[PDB]
Every structure is written in structure tokens, then in C-alpha cells.
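Visitor: before I ask anything, here's the sequence and the deposited coordinates:
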Amino acid sequence: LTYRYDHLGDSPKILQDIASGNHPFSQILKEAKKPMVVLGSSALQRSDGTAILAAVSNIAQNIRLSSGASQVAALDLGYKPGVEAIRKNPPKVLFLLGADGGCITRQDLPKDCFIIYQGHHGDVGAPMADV
Amino acid sequence: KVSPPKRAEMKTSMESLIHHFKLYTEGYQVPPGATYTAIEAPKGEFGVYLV
Amino acid sequence: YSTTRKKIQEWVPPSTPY
Amino acid sequence: XXXXXXXXXXXXXXXXXXXXXXXXXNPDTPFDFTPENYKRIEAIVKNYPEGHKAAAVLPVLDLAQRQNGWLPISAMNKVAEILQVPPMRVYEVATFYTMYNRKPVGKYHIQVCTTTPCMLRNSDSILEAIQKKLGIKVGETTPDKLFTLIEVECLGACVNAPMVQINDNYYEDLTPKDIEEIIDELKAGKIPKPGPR
Amino acid sequence: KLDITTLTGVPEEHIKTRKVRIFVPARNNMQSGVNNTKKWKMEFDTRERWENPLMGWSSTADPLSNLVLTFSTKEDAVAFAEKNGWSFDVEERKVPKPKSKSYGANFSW
Amino acid sequence: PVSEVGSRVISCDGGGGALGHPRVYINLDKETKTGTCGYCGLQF
Amino acid sequence: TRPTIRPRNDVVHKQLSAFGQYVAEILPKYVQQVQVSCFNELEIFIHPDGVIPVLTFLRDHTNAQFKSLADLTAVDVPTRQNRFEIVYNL
Amino acid sequence: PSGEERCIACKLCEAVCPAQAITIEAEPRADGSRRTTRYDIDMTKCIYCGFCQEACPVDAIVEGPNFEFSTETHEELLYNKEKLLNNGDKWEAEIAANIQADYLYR
Amino acid sequence: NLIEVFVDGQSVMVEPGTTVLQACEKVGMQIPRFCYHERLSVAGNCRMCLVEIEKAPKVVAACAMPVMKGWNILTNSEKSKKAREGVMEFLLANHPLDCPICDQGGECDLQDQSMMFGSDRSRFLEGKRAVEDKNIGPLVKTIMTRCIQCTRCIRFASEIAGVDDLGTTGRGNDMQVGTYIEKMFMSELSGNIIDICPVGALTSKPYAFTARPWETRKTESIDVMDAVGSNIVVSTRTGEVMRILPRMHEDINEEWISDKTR
Amino acid sequence: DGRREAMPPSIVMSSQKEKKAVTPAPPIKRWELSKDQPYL
Amino acid sequence: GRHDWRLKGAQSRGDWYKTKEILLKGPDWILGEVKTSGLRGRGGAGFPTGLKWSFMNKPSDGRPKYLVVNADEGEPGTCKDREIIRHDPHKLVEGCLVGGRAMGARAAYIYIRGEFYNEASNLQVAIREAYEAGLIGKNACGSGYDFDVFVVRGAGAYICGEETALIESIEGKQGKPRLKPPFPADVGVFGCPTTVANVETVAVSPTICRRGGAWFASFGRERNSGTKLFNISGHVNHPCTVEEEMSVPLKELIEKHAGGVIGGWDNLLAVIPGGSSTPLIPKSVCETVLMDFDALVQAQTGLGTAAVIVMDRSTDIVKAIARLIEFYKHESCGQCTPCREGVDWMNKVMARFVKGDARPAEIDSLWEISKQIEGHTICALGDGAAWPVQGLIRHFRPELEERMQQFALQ
Ligand SMILES: Cc1cc2nc3c(=O)[nH]c(=O)nc-3n(C[C@H](O)[C@H](O)[C@H](O)COP(=O)(O)O)c2cc1C
Ligand code: SF4
Ligand code: SF4
Ligand code: SF4
Ligand code: SF4
Ligand code: SF4
Ligand code: FES
Ligand code: FES
């Protein structure tokens, strides 16, 4: 990033440590007015996304105690999990756009090669999708 | 600002070319207003009311 | 006749199976 | 913020930078400074308030100029890396001024008054004399690559008669033969700083 | 609710299945000018426009795509379309916030 | 078609005095140059 | 400031001004305002109900023997409490 | 005279014709020079006012001396770019003669 | 606590300090401008903003001096107007006759400023300087020569993109806003300069030549390449999109836009 | 410049917000009859 | 002061003496001694110097306060500071200490032209001796007050002669002078308040602090208080530096100090006080004008910092003015447009003039176009380029015109 800024270490390390005020950084986070906790969407996957969210929130709890696309829309209407982790193989998947997630795996396809593809490019999702 | 520059001139000086250009693109502005002119056209007075 | 070629040049499905 | 308290002993170190030449009386590669030069540049970098080291830019280039006799782009990148400043600001400085020299100079970079008062004192006969000598036309180097004529804006030695300086050495009360004699003495390997009267 | 739909000869389709879109136009950003920005206008929604099989011209079906109307006040505009019995999408005037400026703040340190 | 010689900056008009393209100044010598509409390059 | 710009006579502007005042006083049950366009064109306003009575006198002598409509223009404007804006030359 | 075409798609011929007969769609030359791809015009709407004749900064389009080209079929009226060039080829000595005889008054 | 100040005639209870320019902006009267730009930084170059003090004999840059103490300022004062013509003739003394081909031609601010204020007769009668191009990247089409040294773009780079690769170079005429050294300037906000550039000196290659400003319709909407949701003005030449531009909005993009989206 | 000399209309009364009688203009004289060719 | 630049020579000027006494730990009286002295700017500004320095009196605000001598000596015709610095660094140093105290200033940087290399060096030596005697730094020559001098080199930029441009030159930014209203009095180098002075002003200030400032006031006209160095150059018998009373007539100082005019010809002719200041016709030049700057203001002219350009008719004036404008055109950064392009413009015309190829009507437009620059550029260099030409049009018109027709025969 273009500007001067402090660099930290590793997830559970610096996160849970500052969360437990082990980090000196936790102190400056304490004296700070209207602190801001910026957690990226990319960080949440990373094998154990929930653990990171729990750690960062703790930091939010501490500050309060001391005092002084296709994403946010669905969660505005509760389409969670959102992740494809429900499976449990389910026949006849219905792509709105498999150009993105079609790169992943077609594991349901031998069980059911059929895939409706409602895209707007022949990229990725179209070739591996019937209809 | 109202009459386009003569061709010998517009091809060899900047402002000339620019006023040429804008006179033909956007055209000249007129102050807001209204009028009725009339002249002795052969059939009778010819009358323009414009705003 | 029409001049200036084409527009969208939409992509088509591959010959190969699956 | 911060500040810079005086260091009287350090000024003596700075004196060497002021007189490294001593008072008389390029494809992105390669470049590196001598240690003595690091010494000097620190000794003068001290001269500026601690908050902003960028001020050190101008003198530092001079030292490089004092070293290489010329300014390869790599040297600019080097100084830029030293003061952490972006290379582009460095280039701005390198270009904006006249004393710096992107092109190689001759072993004697002649530079001569051209502003009117010397013209009133007939600088023309001077420049015509030297041109008559070397056969050089204005800024072209001698093929020997030892001399480089340059007409120059008011040297600020206006009081005195026609004048020339060759690498920080004003010469004054010139007569067209006199300068020729001094090129001769340049070939003799020694020069004073001689007003002829 | 002075509806005048019968008086205008306009076909029902275009007082119905389309909407006006009142707004004060944004400054062209290439420009530094501000003049054209002000004063409400009453653009309609776009419909289909294909291509002429011959010569490639942008042949067009909709009766009234190019229509546009200036105004002095928004309330007048909304009321205007209401007199016409028009569906509408009023949008806020979005004047830039005033900003502090200082030539010397560039020279803090 | 062949590029005109230069050293360095020079006029172009497309050769038609108040008949060619409006006057411009190409600015190259040894380098290939220009241009407006007139192809009158100054590679030399 | 002579060769290009029109001279614009003061005199006519005077006479039209005073005459506008003249009618303004003679019959002010309805003359909202008697603006003079600076290039010598007087033009009084009228309450819409008041059309016949004004124009009537406008033919009738005092000086207002302004016979013959030149035209009956109907400028439109989408704004305003009432959009259409009728105009009578004389 | 070089044999190069004059038109440079400043496109204001489109922008000044009252009948808006003209339609232009420029795209860059491979050389990188500005050029038209489908300059076209249709005599069906053109009113022969000669505003285009005035407008062109490089004096490309020209209202030619020829006055007769009445034709059987409507589709022929709608000139393509190539057609205009062919007209420019047919008459060039003639047109250049008129402009030569006229431009001083412009 | 906020000072009274007179725009030409009427009193205005203006905010303390704040530039004369901002004062007239507050009354809505608009001073001619180039180098200044809010959401950027003030600078004293391009003195096209000169305005006359109610009493003090010499004009001062409008975006420079903050208003104070019941000042009156005659924007329309004749001496101001002679000043503006004075400057404009200088700007036009070298900008190349490129209006028909320059892709900025439809709405270049320099044209409109030339119309509203600049004297129409030319009275320069010598030779324009012109300079070689400096290639810069896949996107921007630098042409220079049409350059007028409102440094602007550098004040864009150092103060927003944060890159300071490009910068001014040289003195007097021959000074150039082009970066020294061939090196390409890539950045994520490199696209917005194509918007910011006052004239046609810097315009988008991909869109180049393809269209003209008076033509295209200008729909308003929002970006989708990001969920950031910045406001935009898409521009289409009839049945087909031509070019995208940012639409200013205080909560998000504010006059800027990304680059992948552009 | 001429277009910049354009000015908003002079206004009177704005009723919205002895004494003597007077003509809009002095009456024009009757024309002389053609002089050289009084009749046709 | 020309003899022995070492401290031994300052002894001829009496060294420091009671300078420690002058440091009463408060400017004030000496500041008043300056204000009462009636001294005005030697930078060609002419501004009330004591008033000028009084502006920094405000209780610190905590940011360190500095001082920067504008040591450059460049303008054409101007070689005043050369022999000075080459032969009397010390009084300059003492002035740095006294006036630096007058600001209470922490330090004193001094920018130089880079061309002045050898004597920037010798200056460095004498200053080193000033450290050796304990004259400076901690305590500093008694009175216990700390103060810290430095001397920056330059690099061929005459624009640096302008003060704010020089300040901007110091940080490593290019010599591009700041827009008003911030001042070195407000925000100078880095961000800290600073100030600037001509070498004359600072070198002579301690002498105001010893010998009476009213005694300074005695010389010249009261509004032209004191004395000033006067370079003499051009067609003159013995060109030289000569400090002198302000009120002195020019023919006096030439025909006395300068060895006299080379003839009665040049008396009829233009002779420029400085450079940027306009040449004046009369056979009654000096016979009218007095070298004190206000008298030149009566002649619609500045002092030009008292450099003098004698100009005989053996030389055409036009060639000189043209070469002068070339001297400007090479140098003006160009950040503000009217300068950047207008100066080059004037050069382009003057070329036609020396060619004599120009049509006469042009000259008026030139005189007109000068008006456009005459107030507008952000710093005075554009104005300084502007004036002389206006003076030339004001004067030697027939020469121009007749040159034009005589070319027109060809
Ligand atoms: C050697 C020298 C060169 C100068 N050159 C310029 C210049 O090129 N342009 C300019 O506007 N002022 C120039 N000045 C004046 C400065 O801008 C500044 O106002 C002046 O030096 C300070 O005046 P003072 O010493 O009377 O306080 C110069 C001054 C000196 C001493
Ligand atoms: S003017 Fe003639 S040449 Fe220039 S664009 Fe319009 S048509 Fe093409
Ligand atoms: S002919 Fe007359 S009308 Fe038809 S395009 Fe050319 S100019 Fe416009
Ligand atoms: S963009 Fe540059 S070139 Fe094209 S018109 Fe505006 S100013 Fe002239
Ligand atoms: S880059 Fe854009 S802004 Fe900087 S000078 Fe050239 S045109 Fe003006
Ligand atoms: S004003 Fe003109 S001359 Fe003085 S500094 Fe700014 S640019 Fe250089
Ligand atoms: S006058 Fe030319 S150098 Fe001093
Ligand atoms: S914005 Fe005021 S000087 Fe350019």
C-alpha cells in the first residue's frame, strides 16, 4: 500500500494476542478514538474463516468495554450458507453464472452432468453445462 | 464569436480554428429574450416572433 | 450495403464432449 | 518535527566538502559512492533539520558531479535510494538547474559570459577568438573531448571586463590573445585566477 | 389529482408501461464547468433500439425516447408528471459538500 | 510518400496553401515524425 | 463600441416607457407590469380574465389605436402553475 | 495529391447538417491515424445546403459540380463511403478547378 | 463566527477564511479556471482565475486569497476581463491546431474558456513549439504539445494515486509534465487522469477516435465490477456503449472511479 | 462585444410587487405626393 | 572593507568589539535602531527593513525561527557582492549574529550561487574561524545566546535570486516560488517561519547597531535613507564598485568615482540603473534624476539595486535589449503561464526587431502585450522582463521604425 503503516505477523497469533491485549498494539487500540476494524472478505475463507471472525470481534468487544457483489444483497435476505458446503450431492444444479464457480469441480456431474447455465459469456460455466 | 472565420485564417491561427469549431458544433448562444421583427416581404410584412 | 463489421461476436459452445 | 542542534566540530568536516577541489587561494548501470563521499554527505546532511532530509538533495548531487564529472542516471537513482526520495523528484532537480550535466563534459568545461555588459565590453571578440582556436562551434565538444564551449548567461562578475570561467575559475580583463595564451597554459597543466589588470 | 390522460392523444402504453426519471443532471466530469448541472429535467426510460438491416442504422421503435424537459423546482416537476398521471423516480439534488482549502497546509513541514 | 528531411521542428499543411490541412508543426529529425493527416513524415 | 454594437436609441425607450406608465395609470385594474424590452419593445401583462377589456381599449383611442393583431402566439412552458402563455402583438 | 484520402473524422459534418443526413463511425488506422469506417450519406435526406462544404477543416467533403445522378432505385441514393470516393475520383480535376477558382472568396 | 463578504454587490455571510474562489462559488457565480481543482490541491499556475478587489489596484488569483473583512469583489469588472483575455491569448499562443483530430474536442474546457472570454482575433504571429510524445502504458494516450502546464496531473499522482513516478521537468519553455525516463507508469488510479486531464493531452487509447461528445447519450447508474457501488455516467452512441465516466457522489466514489471498471 | 451588452429588460410598475396626456410617439407627417410623377 | 577578508582584516573594521553588548538579549532597541535608521530593502524591494523584520516578533508559537540571507549577486550588470564576500566575510557574519538575534532566530542558512565556489569555500574557512573563536554556537561571542550559521551552495538558477523561490530551493524542491499569502514570515522553510535579506542589509546591520542609525538616516534623502554600493559598467572609463550617498547624481559618481563617461554622447543616451529597471533617454538623465531610488521613481524607474549600465550609441540599444530578453527567456521556470509563454513571445518578436523585419504596428501590440504580463506573473521576474521593453517603446521608437523601413527596402 502506498502509505506508511504498521505491519503485523500471523492470524491467531497477533489477532488473538491483541484480543487478549498481549500485543502492545492492543494498547494503542485502547486509547484510540472511534477505532476501526477492517476485515476483508478474502480472509474469511482461508480454511477456518469463522475462527478469524471470532478473534477480530473480541477486539471489538475490548474497545467497547474500554470505551472513549452477489454478497451483501443475499445477506440482506438471508441466503446463507451461501457456500456450496451444504452438499450432500443435489442433482440438477442451476447456474446463474458458472463462469466463476464452475472452475471449482464438476463432482456432481458424474452423478448428474446436467447443468442449466444462465450466463452471458461462454467462459468456464457454459462448456460444462447442459441447457 | 458569431461569424465564422475566413478559411485562409482558420487554417493558420488557433483562436480562429476554435471559434470555427464551436460555431459549428454547439453554435452561438443568444441572450435569453423575446422579439417580433417584421419586414416588407413582397406579399406583406413577414413576421418573426422568437424567444 | 452494411459497412463496419459485426458487433457482439458472441462465443459458441465447444465441439468436444463434456 | 525534531530539530538540529549545532555541531561546531562538524563544520570543519563540512569545510572539506566546500573545498574538495580545494580553494585556489548509461543503461541504468552502474554507480556507487566512495566511503569518503558517504562521510562528506553525512557531514553535510547534518546541516539540515531532522524532520526533513530531502533538503540534502542539491548538495549531494554536486558531490557526484564532483566525482564522476558527469551524471549517469544510475547515480541519480543511487542518491534517490539514499535519501529515500522518489527518483523523479531527483530528476526534477537534475534537469531544472544548469550546473548539472547529463552529457559528458571535457576536462576543461569552458563557460563564458554572453549577457550584454560583456557584449558592451565586446564578449564577441572573445568567443570568436576561442572559436577561431578550437574550431568548435558553440556547445559541441572537441573530438579530443577535453574542451566544451558554452555561452553563458550573466556570471555576475559584471563589474569586470570580458570574462571566462572554466570549472569554477573566473578569468577577467580578457583580451582575445590572452585567452589563447591561457588555453596554452591549460596545456601547461597549471592555471592561476588572473585578472589581467 | 388533475389527470389529463384522456385529453392527450398519447397511447395508453406509454403513460403506463414506462416511467419518467426526474433528476438534476450530473456535471460532465471531463468538464470543469457547472452551468449545465443545475435545473431539474425529466428524462424518460430507454427502450429497445436495434439496427437497420441495411446500412447499419440504429432504427428505433419507441415513440418518445429523445424527449427531455427542464424545470426550476422539483416539486413542480413531480406535480407536473402527476398532472400527466405519470410514474416517476424522483432523485435528490446532490450538491457537493463545501471543502476547506489552504495553499499553506501544503507546507506544514 | 518518402519522408522529408528535418532538423528539427518544421511546418506541415499538406501542401495546400489554404487548401491543405491546417498548419501544424512536426518536431523530429533523425526520428520518424508526425503527423496530422498529411503523411509527410520527417524521418530524416 | 460603435461599428458592431447597435446604437439603441434612448428616445424611443423614453416614449415607450412613459406611455407604459400612461396606460399603467389609465387602467390599472389588471396591468401586472409594463416591462420595456431594452431594444424598444413595450409589453404589458394581463390577468387571463382581463383579456377582452384590455384589448378592447387597446383599439379604442387615447393613443392606443393599435389596430390589427399581428399575431396570437402561444408560448409553452412545462413549469409554472399554468403552463401555456398566450401573446398578442399589436 | 499524395493519393491519401483527406477525411479525418472530425465528424462535425454530422454535427452541422440540418437534415443530419450524414452518419459517421470512425475507428483508428492500424498506423494510428484517425479514419472513418463507414462514412455515409443519403441524398434522400440531404438538402444540398452546402453546410458540409463549409464545415470541413481539412476541406475533405466537397459539394461537387456534378448535378445529375437521378436514379432508378431508392437504395442507390444512400451513398456509402466508397461511393463518395469514386465520385471524388471521377471529378477530381474538375472540383479542384472550382475550388481553385473560388476559394479566395471564402 | 463567520465573516461578511460582498460578492460584487450583495452581502454574503461567508465561512471564515476560505478562498475568494470558494466565495463566488458560494454565490454560484463561476470564475474561469484551470489548474485549481477541489478534491485535489490549489496551485498558483495558470492565472486564469484573476479577479479584481473592490479597491486594491491589482487582481489576485481567485483560488489563492481567502476572503475576509467585508471584501467586495467585482468578478465582472472590466480590468478582470482584460486580465482574462490577456492570459487566454497566452495559453492559445502555442496549443496546436488540433481541434478536429484531438479526441478532447467536443468539450475541452480550453475551448469553452476560449469562447466565453478569449479575444477572437489571433495576434500571435510566429512559430509554435511542438514536442515528441512520451509513451506511457496500455491505457493513456499522451500526446503532449497540447499540454498546458496546469501541473494538475502530478498533483493527482503524488496526492491520490500516491505514485510520484511522473513529474515536471525542465525550465521555461521546454519544461514538460512528462516523466523523465521511458519507464511505464502503471497504477490503479491511472485511468482517472484521463478524466482529470484538462485538455486532450492525455486521453484514453481504447476509446480513442471512436466517438464525439455531443453525440453520446449519458445514462446514470452504478458500477458492478465492485460491490463498492460507485455512481457512474455510462455513455452510449446509440444502441451501443461508448465510454464510462465517474459520476461524483460524496459517500463513495466522489468524482473518482476505479480502473478495472473503467 | 455586442452580445455582452445585452441587458435585462427595463421594467416599470411591477404592479405585482394635473398629470397630462401623452403619445407613444409623435405622429408621422402625411407623405408628399411623389413629386416627379404625381399620377400613373 | 576590501582588504584582508580574515579576522585580522575585520580588526581594521574593528571586529566585534561591543557586539556582545549589542546582545542585550532583546532586539527591540536595536530593532528600533533599525526602524529609526530608516533602512529599506536592498533586494530591490525597498520595503521598510525594520518593519520587515518586526513581523516575526510574535511569541515564537514554538516553531523554531530561522534566517536566510539572499546571497546571490546575479542580475545582469550586478557584481556588487563578489568583491565583498571575497574580502569581508566577517562583518557579514556579525550581521548574521546580530540580526539572527533580531529575529531571535535559531540559525542562519545562506544560499549562494554555485558559480561562487571558491569564495563559498573561503567563506567556509572564515566561518570556521568564527567557530574557532567561540564567536558562534553555544553562548556565541558572549551574552550567552546560542545561534547557528550554515551556508548552502547553489546550481545555476537565477530564479533562486527571488526569496520564496530560494526557500523552495532549500528543501530540494525546484526553485518554484510559493503563491501568496503564506510568507517566510508565516511559513518559510519546511514549515518553520523564516526571513530573507540582501547581503548589504545584513552586513551593514551591526554597523547600525554601533554607529547611530540616525547617522544612517542623515545621508541621502530622508525617504532614501543611508548609502548603497554602486556598480559602474558599460561604456565607462574605470568600471567599479563604489558605495556612496543615496542622493548622489549619476553624472557625479561616474565622472568622479568611475573615471568618467567616455564622451558627451552617452550623456545624451540611455543608461540603465540595474537591469530590470528601464533605460532613460535624456541628455538630462542624471541632470534630472538622482541615484536614490525615489528620484528614479520620479523617472518612472527602479534603482535596479544600483548596478549601472552605461550605453553609448556606438552600440545599438536594440541588440542589447534583445540579448537581455534572451537572458530572461532562458530563466523563469515558467510555472505561471503568462511568464512562461509571454517572455518567449517577446524574444520571438525582438528577434524580428533586430532583423528589422517587423511591421511597425506590432510595436503597439507588444507594448500592449507587455501590459498583460506587467502585473500578472506570480513573481517579479516576469515583471522585470516586462518593464525595460515598455521603456524602450516609451522612448527609442524612431530607431525601431526606421530600422524597419530600411529593411523594408530589401
Ligand atoms: C543576488 C540576488 C538575486 C535576486 N534575484 C531575484 C530575481 O531573479 N527575481 C526576483 O523577483 N527577485 C530577486 N531578488 C530579490 C529577492 O526576491 C528578495 O526580495 C531580495 O533579495 C530581498 O531584499 P532585501 O535584501 O532588501 O530584504 C534577488 C536578490 C538578490 C540579493
Ligand atoms: S469534416 Fe469532412 S473530414 Fe472532417 S470529419 Fe466531417 S467529413 Fe470527415
Ligand atoms: S449537403 Fe447541405 S445538408 Fe446535406 S449534409 Fe452536406 S451540408 Fe448538411
Ligand atoms: S482539445 Fe486541445 S485541441 Fe482539441 S480543441 Fe480543445 S484545445 Fe484545441
Ligand atoms: S498532464 Fe494533463 S494536466 Fe499535467 S499538464 Fe499535460 S495536460 Fe495539463
Ligand atoms: S513568476 Fe514567472 S518568473 Fe517569477 S517565478 Fe513564477 S514563473 Fe518564474
Ligand atoms: S555581465 Fe556577462 S557575466 Fe557579468
Ligand atoms: S486556478 Fe487560480 S491560478 Fe489557475
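Guide: Here it is on my side, so go on. Numbers count the residues shown, from 1 in each chain, chains lettered A, B, ... in the order given. Ligands and ions are numbered 1, 2, ... in the order given.
Visitor: quick check: the residue nearest the centre of chain E vs residue K:149, distance?
Guide: The residue lying closest to the centre of chain E (CA atoms, centre = their mean) is residue E:43, at 3.4 Å. Residue E:43 sits 70 Å away from residue K:149, going by CB to CB, to the nearest Å. In this view, the C-beta of every residue, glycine as well, is placed from N, C-alpha and C.
Visitor: what of residue K:107?
Guide: Taking CB to CB, one finds residue K:107 at 7 Å from residue K:149.
Visitor: so what's in contact with these two at the same time?
Guide: Taking CB atoms under 8 Å, 6 or more residues apart in numbering or on different chains as the contact rule, residue K:107 and residue K:149 both touch residue K:100.
Visitor: quick check, the residue in chain G closest to chain A?
Guide: Nearest residue of chain G to chain A, counting by CB to the nearest CB: residue G:78, 37.4 Å away.
Visitor: tell me how far that residue lies from residue E:39.
Guide: Residue G:78 sits 12 Å away from residue E:39, going by CB to CB.
Visitor: need the residues touching each of those two.
Guide: Contacts common to residue G:78 and residue E:39, judged by CB under 8 Å, 6+ apart, are E:70, E:71.
Visitor: show me which of those two is the more surrounded one.
Guide: A direct count of neighbours by other CB atoms under 10 Å in any protein chain shown for residue G:78 and residue E:39 places residue G:78 higher, at 17 against 13.
Visitor: what about the strands in chain G?
Guide: Here chain G has its strands, by DSSP state E, at G:34-37, G:41-44, G:72-75, G:85-88.
Visitor: single out the most deeply packed of these.
Guide: The highest mean neighbour count among the strands of chain G, using mean count of other CB atoms under 10 Å in any protein chain shown, belongs to strand G:34-37: a mean of 20.
Visitor: that strand packs against which elements?
Guide: Under the contact definition 3 or more CB pairs under 8 Å, 6 or more residues apart in numbering or on different chains; DSSP states H and E, strand G:34-37 sits against helix G:10-26, strand G:41-44.
Visitor: ranking the ones you listed by burial, who's on top?
Guide: strand G:41-44 (a mean of 19).
Visitor: check whether that strand comes near chain B.
Guide: Yes. Contact of strand G:41-44 with chain B (CB under 8 Å from any CB of the partner chain) involves residue G:41.
Visitor: distance of the residue nearest to the spatial centre of chain A from residue A:15?
Guide: A centroid search over chain A (CA atoms, centre = their mean) returns residue A:44, at 3.5 Å, as the residue closest to the centre. For residue A:44, the distance to residue A:15 (CB to CB) stands at 13 Å.
Visitor: now for these two: what residues contact both?
Guide: residue A:52.
Visitor: ok, back up a step: surely the residue nearest to the centre of chain A is in contact with residue A:53?
Guide: Yes. In this structure residue A:44 lies within contact range of residue A:53 using CB atoms under 8 Å: 6.6 Å.
Visitor: all strands of chain B, in order?
Guide: Going by DSSP E, chain B shows strands at B:35-41, B:44-50.
Visitor: got it, and chain A?
Guide: Under DSSP E, chain A gives strands at A:93-95, A:115-117.
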